[PDB]
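Chain nomenclature is as follows: A, B, C, D, E and F, assigned in order of appearance, with residue numbering initiated at 1 for each chain independently.
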Amino acid sequence: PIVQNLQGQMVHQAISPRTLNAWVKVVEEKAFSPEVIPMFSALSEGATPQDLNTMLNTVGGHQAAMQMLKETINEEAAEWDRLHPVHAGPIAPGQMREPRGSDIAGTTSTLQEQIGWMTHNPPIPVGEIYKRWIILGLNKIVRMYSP
Amino acid sequence: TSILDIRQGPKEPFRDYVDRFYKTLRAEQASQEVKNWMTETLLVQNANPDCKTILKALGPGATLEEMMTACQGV
Amino acid sequence: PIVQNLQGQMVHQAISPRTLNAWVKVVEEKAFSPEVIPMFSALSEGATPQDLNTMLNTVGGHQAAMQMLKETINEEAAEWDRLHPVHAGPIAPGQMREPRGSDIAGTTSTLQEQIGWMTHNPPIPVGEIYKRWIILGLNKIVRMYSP
Amino acid sequence: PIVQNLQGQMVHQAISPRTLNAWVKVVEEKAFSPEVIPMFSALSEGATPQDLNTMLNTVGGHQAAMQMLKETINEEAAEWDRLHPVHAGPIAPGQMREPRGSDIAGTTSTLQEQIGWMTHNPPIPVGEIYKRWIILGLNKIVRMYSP
Amino acid sequence: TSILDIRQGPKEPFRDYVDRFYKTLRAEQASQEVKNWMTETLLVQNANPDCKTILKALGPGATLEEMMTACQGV
Amino acid sequence: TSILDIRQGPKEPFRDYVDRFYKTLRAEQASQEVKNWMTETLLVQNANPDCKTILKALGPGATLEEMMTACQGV
């Protein structure tokens, strides 16, 4: 995640193993139950896309759901690209590039790039955009997996 | 399971039923106004005849502690 | 929560997983027992509204009680709005807006807004107002759930 | 509790959840056994009255004993007020007020007031006065609950 | 369960009953004066005849260690 | 239970009895001199005849490891 250091700057720090394991354990115990979404939300505080793929990729089991989510993440990403067209002409030397759906999904962007966008002024909340897609896709799952 | 499929048993305490209702209501994602409509409507409708009778006597304007204490002996 | 940093300022820091889990475990073990209220009170030390919805939303089970509480929180919030009317004319550029029942419940306010109110001088104790509503609603529950 | 900070001043810091839980667990396991008193004493190191009511209020079970203790705390408090009369004339602007039995019990005093008395020069040990009442009342209990 | 419903069994030790009383008293939120009234009154009243007899002999002014040691053989 | 009520069984090892004694002695709050008096006196007095006999042969001046090893076969 990207956290604030004592000095008063935003720097990246790694997520903790008993945080990781707590994510694992939630999924083990409460599967598709709604409490998973606030839980997720708390444990995703200050998290990167990269950390969010890590969390999704580290799941075991419920592979039908994991595939449905993936496909929702790509749909929501396809929709990001649709709604926000690429911008006019070449990229400025003085500036950094606008993200695509796949940069938001973490796929085409690097960590330093993910830190550029979030730490820069104005900052862009690429975590929160992926977060809604995850929560939206979580609703899809919850609604389906209701019996 | 769908919210329409939530119903009170003939021997089931209302209380155990109301818990089931707001759990399933907890998995419904609809507008608040619709969920208010579901609350006043579906809860009583799928309630058992003995308690249903009781709840009809509370009239409208009733709140959950009063419904929950009203159908306790049933 | 909003905690004091070493430098001598009040900054937000996230709540800990074994704190979260301790909240979960209390509820699992002692359900509606009175010891839950001091326990809550200790674990809510320096907590935000946002953190308080997180704690309430992460409950599983006892949904009749959870609904009774919600409805108490909204009643107490409706009462906040009644007792404290909105203030005269437009909001000053030099000042920040007065809270409503829903800002106290965390719903209409953002975190940075919740930090503005609490950290600012004079500070306003929107945690402690929600806390009484929670404790009041806890009394309602305890009294009902006595057998 | 009120602890010494790195800077070299006495500041308040909150008590820890696994400290809280360790207090709970002791009571669960060893009930009225004598080892409870040194145990208490260690876990009450640097503790406030406020923290001591928190610890007493968070008990579950053994309510006959909890009531006997309460009533001992009030007796010992009544005795504090008896032995130490209020002082002559109005309270000085330059000074802070002398405690009563109920300030020692934490009831009529606020935290900042509890920190004033303990951190000020000379300091007054209102923790240690309540501590003896707790230990005394613990003897009463232990002696009764012997079979 | 209500505080009026707390009563001592015919074979139940007083001690186990007094524990039940201050647990339920622990869930009552009334003024201290009322709770004092409940203490001196209801406790003895719902105590069993054999101990009740014993407690009548302690007279008034009695404290919990003396009541608790007084009804121990009963 | 009172300290006078602590006694050694006819088949109970002394060891298990001495443990019981300093546990109950651990709940006595008396002056050290009185507790010394209790140690030399009551312990032997409520000890069983077979070990009691043994302990009489150790004479006075004896310490706990020697008493504890002395009544081991009993």
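Everything that follows uses one rule, which is that a residue touches a chain if its C-beta (ideal position, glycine included) is under 8 Å from a C-beta of that chain, and two chains touch if they have at least 3 such contacts.
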Between the pairs D-E and C-E, the one where more C-beta pairs touch: D-E
Listed chain pair C-E, B-C or A-B that repeats interface D-E [over half of contact pairs the same by residue number]: B-C
Rounded Å distance, chain A centre to chain D centre (Cα mean): 48
Whole-Å gap between the CA centroids of chain E and chain F: 39
Chain centre separation in whole Å, for chain E relative to chain A (CA means): 61
Euclidean distance of C-alpha centroids - chain B vs chain C, Å: 28
For chain B, residues that touch 2 or more chains besides their own: 26
Sequence positions of chain C contacting 2 or more other chains: 6, 18, 34
Chain A partner contacts - residues on chain C that touch it in the complex: 5-7, 11, 14-15, 17-18, 20-21, 53-54, 57-60
Chain A residues touching chain C - in the complex, by the definition given at the top: 4, 6, 18-19, 22, 30, 33, 35, 38-39, 41-43, 45-46
Residue ranges of chain C touching chain E (in the complex, touch as defined): 34, 139, 142-143, 146-147
Contact footprint of chain B on chain C as seen in their complex: 62-64, 66-68, 71, 140, 144
Residue ranges of chain E touching chain D (in the complex, touch as defined): 15, 18-23, 25-26, 63-65, 68-69
